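Coordinates from structure-v4.cif are shown below (mmCIF, C-alpha atoms and all ligand atoms).
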data_work
#
loop_
_atom_site.label_atom_id
_atom_site.label_comp_id
_atom_site.auth_asym_id
_atom_site.auth_seq_id
_atom_site.Cartn_x
_atom_site.Cartn_y
_atom_site.Cartn_z
CA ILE D 1 0.00 0.00 0.00
CA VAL D 2 1.62 3.24 -1.11
CA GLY D 3 0.62 6.55 0.63
CA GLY D 4 -1.46 4.86 3.31
CA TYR D 5 -1.14 4.61 7.11
CA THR D 6 -0.55 2.03 9.79
CA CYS D 7 -3.94 0.53 10.51
CA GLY D 8 -3.41 -0.41 14.08
CA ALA D 9 -3.18 -3.94 15.35
CA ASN D 10 -6.18 -6.00 14.58
CA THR D 11 -8.34 -3.05 13.45
CA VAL D 12 -9.13 -4.96 10.20
CA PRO D 13 -10.04 -8.31 11.84
CA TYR D 14 -11.16 -10.01 8.54
CA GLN D 15 -7.76 -9.46 6.87
CA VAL D 16 -5.72 -12.61 6.25
CA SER D 17 -2.09 -13.15 5.17
CA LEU D 18 -1.48 -16.14 2.81
CA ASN D 19 1.88 -17.70 3.63
CA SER D 20 3.90 -20.34 1.72
CA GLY D 21 7.10 -19.85 3.85
CA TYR D 22 6.65 -16.08 3.60
CA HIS D 23 3.69 -13.76 3.06
CA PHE D 24 2.82 -13.51 -0.64
CA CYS D 25 -0.87 -12.37 -0.76
CA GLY D 26 -3.74 -11.11 1.37
CA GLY D 27 -7.29 -12.45 1.57
CA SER D 28 -10.59 -11.82 3.48
CA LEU D 29 -12.24 -14.19 5.98
CA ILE D 30 -15.92 -14.65 4.89
CA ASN D 31 -16.98 -17.22 7.61
CA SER D 32 -15.08 -19.54 9.95
CA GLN D 33 -14.04 -22.03 7.27
CA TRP D 34 -13.58 -19.91 4.11
CA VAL D 35 -11.37 -17.17 2.71
CA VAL D 36 -11.74 -15.23 -0.59
CA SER D 37 -8.57 -13.97 -2.34
CA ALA D 38 -7.46 -13.37 -5.93
CA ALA D 39 -6.91 -16.22 -8.39
CA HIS D 40 -3.55 -14.74 -9.44
CA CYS D 41 -2.45 -15.53 -5.85
CA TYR D 42 -3.01 -19.28 -6.45
CA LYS D 43 -0.24 -21.58 -5.10
CA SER D 44 -0.22 -25.07 -3.75
CA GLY D 45 0.80 -25.32 -0.03
CA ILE D 46 -0.87 -22.26 1.49
CA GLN D 47 -1.19 -21.62 5.21
CA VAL D 48 -3.71 -18.93 6.16
CA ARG D 49 -2.65 -16.62 8.99
CA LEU D 50 -5.43 -14.85 10.86
CA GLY D 51 -5.12 -12.18 13.68
CA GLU D 52 -1.97 -10.77 12.30
CA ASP D 53 -0.58 -7.30 12.59
CA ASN D 54 3.24 -7.66 12.47
CA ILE D 55 3.78 -10.72 10.18
CA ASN D 56 7.31 -11.30 11.41
CA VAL D 57 6.46 -11.38 15.12
CA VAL D 58 4.04 -13.70 16.93
CA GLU D 59 2.16 -11.09 19.06
CA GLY D 60 -0.28 -13.52 20.61
CA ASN D 61 -3.42 -13.05 18.52
CA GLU D 62 -2.68 -15.29 15.57
CA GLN D 63 -4.23 -18.44 14.19
CA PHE D 64 -2.19 -20.26 11.46
CA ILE D 65 -4.38 -22.79 9.58
CA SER D 66 -3.55 -24.74 6.45
CA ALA D 67 -5.89 -24.74 3.46
CA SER D 68 -7.66 -28.06 2.69
CA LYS D 69 -8.75 -26.90 -0.86
CA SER D 70 -8.48 -23.93 -3.22
CA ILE D 71 -11.02 -23.15 -5.97
CA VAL D 72 -10.06 -20.70 -8.70
CA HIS D 73 -13.05 -19.21 -10.51
CA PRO D 74 -13.98 -21.50 -13.50
CA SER D 75 -13.54 -18.58 -15.88
CA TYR D 76 -10.38 -16.91 -14.55
CA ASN D 77 -8.23 -15.69 -17.47
CA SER D 78 -4.56 -15.19 -16.35
CA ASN D 79 -3.78 -12.98 -19.33
CA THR D 80 -6.51 -10.36 -18.84
CA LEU D 81 -7.09 -11.11 -15.12
CA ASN D 82 -10.82 -11.21 -15.76
CA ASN D 83 -12.64 -13.19 -12.91
CA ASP D 84 -9.69 -12.81 -10.62
CA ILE D 85 -11.15 -14.46 -7.53
CA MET D 86 -10.51 -17.75 -5.68
CA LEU D 87 -11.92 -19.42 -2.54
CA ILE D 88 -9.79 -21.17 0.05
CA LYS D 89 -11.22 -23.59 2.61
CA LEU D 90 -9.43 -23.99 5.95
CA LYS D 91 -8.59 -27.38 7.37
CA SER D 92 -10.08 -26.35 10.76
CA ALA D 93 -12.57 -23.59 11.49
CA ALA D 94 -11.01 -20.45 12.79
CA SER D 95 -12.20 -19.20 16.20
CA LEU D 96 -13.86 -15.86 15.72
CA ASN D 97 -13.28 -13.21 18.35
CA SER D 98 -12.62 -9.46 18.35
CA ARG D 99 -9.31 -9.90 16.52
CA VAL D 100 -10.48 -12.51 13.99
CA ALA D 101 -13.87 -11.74 12.39
CA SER D 102 -15.49 -12.41 8.99
CA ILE D 103 -16.64 -9.67 6.54
CA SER D 104 -20.07 -9.64 4.83
CA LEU D 105 -20.65 -10.14 1.20
CA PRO D 106 -22.53 -7.33 -0.53
CA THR D 107 -26.29 -7.32 -1.26
CA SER D 108 -25.77 -4.84 -4.21
CA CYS D 109 -22.77 -3.27 -5.98
CA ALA D 110 -21.39 0.04 -4.66
CA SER D 111 -21.53 3.40 -6.41
CA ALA D 112 -18.74 5.41 -7.85
CA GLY D 113 -17.79 7.89 -5.14
CA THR D 114 -18.22 5.45 -2.30
CA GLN D 115 -15.15 5.49 0.01
CA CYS D 116 -13.57 2.12 0.78
CA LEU D 117 -10.84 0.79 2.97
CA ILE D 118 -8.06 -1.22 1.33
CA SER D 119 -5.45 -2.95 3.49
CA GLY D 120 -2.36 -5.13 3.14
CA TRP D 121 1.33 -5.83 3.77
CA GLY D 122 2.46 -5.06 0.17
CA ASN D 123 5.14 -2.74 -1.13
CA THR D 124 4.91 0.87 0.12
CA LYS D 125 7.09 2.58 -2.46
CA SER D 126 6.03 3.61 -5.99
CA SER D 127 9.58 3.93 -7.26
CA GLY D 128 11.27 1.57 -4.84
CA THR D 129 10.76 -1.48 -2.67
CA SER D 130 9.97 -1.41 1.08
CA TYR D 131 7.82 -4.10 2.49
CA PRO D 132 6.18 -3.27 5.83
CA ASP D 133 5.84 -5.78 8.69
CA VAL D 134 2.60 -4.30 10.06
CA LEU D 135 -0.68 -3.81 8.22
CA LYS D 136 -1.19 -0.65 6.21
CA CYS D 137 -4.51 0.90 5.34
CA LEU D 138 -5.75 3.22 2.63
CA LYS D 139 -9.10 4.93 2.25
CA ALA D 140 -9.93 5.48 -1.44
CA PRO D 141 -13.10 6.10 -3.47
CA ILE D 142 -14.50 4.01 -6.29
CA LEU D 143 -13.90 5.87 -9.55
CA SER D 144 -16.34 6.16 -12.49
CA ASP D 145 -16.05 3.38 -14.99
CA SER D 146 -15.22 6.02 -17.62
CA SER D 147 -12.06 7.22 -15.85
CA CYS D 148 -11.21 3.56 -15.22
CA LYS D 149 -11.64 2.61 -18.93
CA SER D 150 -9.89 5.75 -20.27
CA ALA D 151 -6.88 4.76 -18.09
CA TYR D 152 -6.90 1.18 -19.40
CA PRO D 153 -8.52 1.10 -22.93
CA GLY D 154 -9.83 -2.33 -23.95
CA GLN D 155 -8.70 -3.85 -20.64
CA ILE D 156 -11.59 -3.38 -18.22
CA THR D 157 -14.52 -5.77 -18.14
CA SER D 158 -17.74 -5.64 -16.18
CA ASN D 159 -16.04 -7.76 -13.48
CA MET D 160 -13.60 -5.01 -12.57
CA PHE D 161 -13.71 -1.49 -11.09
CA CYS D 162 -11.05 1.12 -10.33
CA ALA D 163 -10.54 2.80 -6.99
CA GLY D 164 -7.89 5.27 -6.04
CA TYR D 165 -6.59 8.65 -7.10
CA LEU D 166 -5.74 9.72 -10.65
CA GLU D 167 -3.21 12.22 -9.33
CA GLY D 168 -1.12 9.22 -8.20
CA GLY D 169 0.46 8.88 -4.73
CA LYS D 170 -2.01 6.45 -3.13
CA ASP D 171 -2.70 2.83 -4.31
CA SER D 172 -2.55 -0.89 -3.33
CA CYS D 173 0.53 -2.71 -4.81
CA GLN D 174 2.17 -6.14 -5.16
CA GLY D 175 1.84 -7.95 -1.83
CA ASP D 176 -1.62 -6.41 -1.23
CA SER D 177 -3.03 -8.81 -3.92
CA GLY D 178 -6.08 -10.82 -2.96
CA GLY D 179 -6.85 -8.49 -0.08
CA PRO D 180 -9.99 -6.59 0.83
CA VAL D 181 -11.66 -3.42 -0.45
CA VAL D 182 -14.53 -2.83 2.06
CA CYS D 183 -17.12 -0.11 1.45
CA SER D 184 -20.10 0.44 3.82
CA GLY D 185 -19.36 -2.72 5.82
CA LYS D 186 -19.34 -5.07 2.75
CA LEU D 187 -16.51 -6.72 0.84
CA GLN D 188 -16.86 -5.02 -2.56
CA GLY D 189 -13.45 -5.65 -4.11
CA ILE D 190 -10.30 -7.78 -4.19
CA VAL D 191 -6.89 -6.21 -4.95
CA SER D 192 -6.16 -7.43 -8.49
CA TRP D 193 -3.90 -5.33 -10.73
CA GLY D 194 -2.81 -1.93 -11.98
CA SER D 195 0.08 -0.26 -13.82
CA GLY D 196 3.03 -0.04 -11.42
CA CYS D 197 1.80 1.36 -8.11
CA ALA D 198 0.56 4.86 -7.34
CA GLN D 199 1.29 6.28 -10.80
CA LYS D 200 -0.62 9.25 -12.07
CA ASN D 201 -3.69 8.33 -14.17
CA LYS D 202 -3.10 4.59 -13.47
CA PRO D 203 -5.54 3.73 -10.58
CA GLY D 204 -5.74 0.27 -9.03
CA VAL D 205 -8.12 -2.27 -10.58
CA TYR D 206 -10.20 -4.50 -8.32
CA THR D 207 -12.36 -7.64 -8.83
CA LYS D 208 -16.00 -6.57 -8.47
CA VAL D 209 -17.20 -9.04 -5.83
CA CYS D 210 -20.96 -8.15 -6.15
CA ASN D 211 -20.91 -10.04 -9.47
CA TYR D 212 -19.78 -13.30 -7.71
CA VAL D 213 -22.00 -13.61 -4.65
CA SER D 214 -24.14 -16.47 -6.05
CA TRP D 215 -21.03 -18.29 -7.28
CA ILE D 216 -19.45 -17.85 -3.78
CA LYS D 217 -22.52 -18.95 -1.83
CA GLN D 218 -23.12 -21.95 -4.07
CA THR D 219 -19.49 -23.05 -4.02
CA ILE D 220 -19.01 -22.90 -0.26
CA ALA D 221 -22.27 -24.76 0.44
CA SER D 222 -21.20 -27.54 -1.86
CA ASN D 223 -17.60 -27.89 -0.55
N1 LIG Y 1 2.75 -15.72 -6.57
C1 LIG Y 1 3.24 -14.86 -7.42
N2 LIG Y 1 4.27 -15.20 -8.17
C2 LIG Y 1 2.68 -13.58 -7.50
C3 LIG Y 1 1.60 -13.19 -6.65
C4 LIG Y 1 1.03 -11.91 -6.72
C5 LIG Y 1 1.56 -11.04 -7.66
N3 LIG Y 1 1.22 -9.82 -7.92
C6 LIG Y 1 1.96 -9.36 -8.86
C7 LIG Y 1 1.84 -8.02 -9.40
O1 LIG Y 1 2.66 -7.73 -10.26
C8 LIG Y 1 0.91 -6.97 -9.06
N4 LIG Y 1 -0.07 -7.12 -8.22
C9 LIG Y 1 -0.66 -5.97 -8.06
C10 LIG Y 1 -1.73 -5.63 -7.26
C11 LIG Y 1 -2.11 -4.28 -7.29
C12 LIG Y 1 -1.44 -3.31 -8.10
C13 LIG Y 1 -1.82 -1.94 -8.13
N5 LIG Y 1 -1.03 -1.07 -8.70
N6 LIG Y 1 -2.94 -1.53 -7.60
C14 LIG Y 1 -0.34 -3.76 -8.90
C15 LIG Y 1 0.01 -5.09 -8.85
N7 LIG Y 1 0.99 -5.73 -9.47
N8 LIG Y 1 2.80 -10.29 -9.22
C16 LIG Y 1 2.56 -11.35 -8.47
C17 LIG Y 1 3.16 -12.61 -8.45
CA CA Y 2 2.48 -11.74 13.97
CL CL Y 3 5.54 -14.75 12.75
ZN ZN Y 4 4.67 -9.31 -10.15
ZN ZN Y 5 -0.82 -9.13 -7.28
ZN ZN Y 6 2.35 -5.16 -11.29
#
Let's see the structure in the file written out as structure tokens.
Amino acid sequence: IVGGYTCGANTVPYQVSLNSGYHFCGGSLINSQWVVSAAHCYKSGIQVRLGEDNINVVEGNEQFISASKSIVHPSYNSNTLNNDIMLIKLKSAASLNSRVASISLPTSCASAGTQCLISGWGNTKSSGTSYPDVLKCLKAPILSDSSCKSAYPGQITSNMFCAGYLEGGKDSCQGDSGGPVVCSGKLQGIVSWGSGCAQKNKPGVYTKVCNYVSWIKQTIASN
């Protein structure tokens, strides 16, 4: 997250860190046995770490649980990143408390202008590399689909939306991938892609979760 702030320990209790020996992607807890992340974060051998703040220090509120199964969206296209969403089932149910909580799926899609909260442990430098150990946050508004499409001609589909600032300076970045974009108490997006990080007129592009609620509900009930 570039141009954001330190969230505060466990202030985003639904945020997860996907670890395969190191943190490589974020995710959101949707109920005690399932996590939603991005399909471009798919790997075999994932351990889900809940209640994290500093990912290099065990502070006492963590739960490390291995995944029993991963399900990449049937229509995920790795070249265009269309349908960039995947579900991860935990081997054991997580224990929900104040530090570990699930986030609600949306009942409708959010409007351009709505302010959201994006969080993650990804790179914090636009022109540089600095990976933080504690969770960073960023408040950003959903942009109109026209500014999103004019920034990425022929690359945005109906399953994606842009959020951020066209002036540059604030954005999610590599490492934040698969993590949450929460607007009005609902999970509306998943960190997917963008051009570099925090560049002017290159906002971040997010998976539009409201288009996948039936697929999510149907898949978790059958797995
Ligand atoms: N397991 C891997 N090998 C892997 C996982 C995630 C990755 N993610 C990128 C990436 O290259 C990448 N993820 C991004 C997310 C947001 C933005 C943004 N500017 N908003 C830019 C991004 N670039 N490479 C990745 C490789
Ligand atoms: Ca920790
Ligand atoms: Cl640790
Ligand atoms: Zn990359
Ligand atoms: Zn990524
Ligand atoms: Zn990139």
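With only the atoms specified (all atoms listed in the file) counting, those residues at most 7 Å away from (-6.8, -3.0, -0.7) are residues 117, 118, 119, 120, 172, 176, 179, 180, 181, 190 and 191 of chain D.
Near segment 103-116 of chain D, within 8 Å and counting only C-alpha atoms, sit residues 14, 28, 29, 30, 31, 139, 140, 141, 142, 143, 144, 145, 181, 182, 183, 184, 185, 186, 187, 188, 208, 209, 210, 211 and 213 of chain D, not including residues fewer than 6 positions from it in the same chain.
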(Q) Let me see if you get this right: every residue at most 7 Å from ligand ZN 6 (chain Y), counting only C-alpha atoms and all ligand atoms, written as a ChimeraX atom specification. (A) /D:174,193-196
Q: Mind listing whatever residues come within 7 Å of the point (-3.5, 3.4, 8.0)? Use all atoms listed in the file, file coordinates, and give them as an MDAnalysis selection string.
A: chainID D and resid 4:7 136:138
Could the residues of chain D that have an atom at most 7 Å from ligand CL 3 (chain Y) be listed as CSV, each with its closest atom pair and the distance in Å to one decimal, counting all atoms listed in the file and ordered by chain and ascending residue number?
residue,atom,partner,partner_atom,distance
D:55,CA,Y:CL3,CL,5.1
D:56,CA,Y:CL3,CL,4.1
D:57,CA,Y:CL3,CL,4.2
D:58,CA,Y:CL3,CL,4.6
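With distances taken over all atoms listed in the file, D:133 is the one residue among D:65, D:124, D:133, D:70 lying closest to ligand CA 2 (chain Y).
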Q: Grab me every residue within 12 Å of ligand ZN 5 (chain Y), counting all atoms listed in the file, and send it over as number ranges by chain.
A: D: 1, 24-27, 37-42, 78, 81, 84-85, 120-123, 172-179, 190-197, 204-207
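Computed from the coordinates, the atom CA of residue 161 of chain D to atom CA of residue 43 of chain D distance equals 24.9 Å.
With only C-alpha atoms and all ligand atoms as the atoms that count, the minimum distance from ligand LIG 1 (chain Y) to the choices D:13, D:154, D:74, D:169 is reached by D:169.
Atom CA of residue 35 of chain D lies 8.9 Å from atom CA of residue 102 of chain D.
Closest to ligand CA 2 (chain Y) among D:101, D:87, D:71, D:135 is D:135, based on all atoms listed in the file.
In this comparison, which uses only C-alpha atoms and all ligand atoms, the residue of D:45, D:189, D:60, D:3 approaching ligand CA 2 (chain Y) most closely is D:60.
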(Q) Rounded to one decimal, what separation in Å do you get between atom CA of residue 149 of chain D and atom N3 of ligand LIG 1 (chain Y)? (A) 21.0 Å
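Each of D:216, D:159, D:99, D:73 was compared to residue 59 of chain D using only C-alpha atoms, and D:99 turns out to be the nearest.
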Write segment 122-134 of chain D as a compact mmCIF listing (two decimals), keeping the file's coordinate frame, completed to N, CA, C and O atoms.
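Output saved as rebuild_39.txt:
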# COMPACT_ATOMS: atom_id res chain seq x y z
N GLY D 122 1.68 -5.16 1.44
CA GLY D 122 2.46 -5.06 0.17
C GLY D 122 3.42 -3.91 0.14
O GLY D 122 3.47 -3.15 1.09
N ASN D 123 4.13 -3.82 -0.94
CA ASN D 123 5.14 -2.74 -1.13
C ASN D 123 4.55 -1.37 -0.83
O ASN D 123 3.37 -1.15 -1.13
N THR D 124 5.35 -0.51 -0.25
CA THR D 124 4.91 0.87 0.12
C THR D 124 5.58 1.94 -0.69
O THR D 124 5.31 3.09 -0.41
N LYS D 125 6.40 1.56 -1.63
CA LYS D 125 7.09 2.58 -2.46
C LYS D 125 6.67 2.49 -3.92
O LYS D 125 6.58 1.41 -4.45
N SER D 126 6.44 3.61 -4.54
CA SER D 126 6.03 3.61 -5.99
C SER D 126 7.29 3.30 -6.80
O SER D 126 7.35 2.38 -7.61
N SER D 127 8.29 4.09 -6.56
CA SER D 127 9.58 3.93 -7.26
C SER D 127 10.52 3.39 -6.20
O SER D 127 11.35 4.09 -5.67
N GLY D 128 10.37 2.14 -5.87
CA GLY D 128 11.27 1.57 -4.84
C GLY D 128 10.63 0.35 -4.21
O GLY D 128 9.52 0.00 -4.57
N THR D 129 11.33 -0.28 -3.32
CA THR D 129 10.76 -1.48 -2.67
C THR D 129 10.91 -1.37 -1.15
O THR D 129 12.02 -1.15 -0.69
N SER D 130 9.86 -1.49 -0.39
CA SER D 130 9.97 -1.41 1.08
C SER D 130 8.72 -2.17 1.42
O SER D 130 7.61 -1.78 1.09
N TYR D 131 8.95 -3.25 2.08
CA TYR D 131 7.82 -4.10 2.49
C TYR D 131 7.65 -3.87 3.96
O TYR D 131 8.62 -4.01 4.68
N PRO D 132 6.46 -3.54 4.39
CA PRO D 132 6.18 -3.27 5.83
C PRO D 132 5.93 -4.58 6.62
O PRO D 132 5.59 -5.60 6.04
N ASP D 133 6.09 -4.54 7.91
CA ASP D 133 5.84 -5.78 8.69
C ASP D 133 4.48 -5.69 9.34
O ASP D 133 3.94 -6.72 9.72
N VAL D 134 3.95 -4.49 9.44
CA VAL D 134 2.60 -4.30 10.06
C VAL D 134 1.66 -3.87 8.93
O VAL D 134 2.07 -3.34 7.91
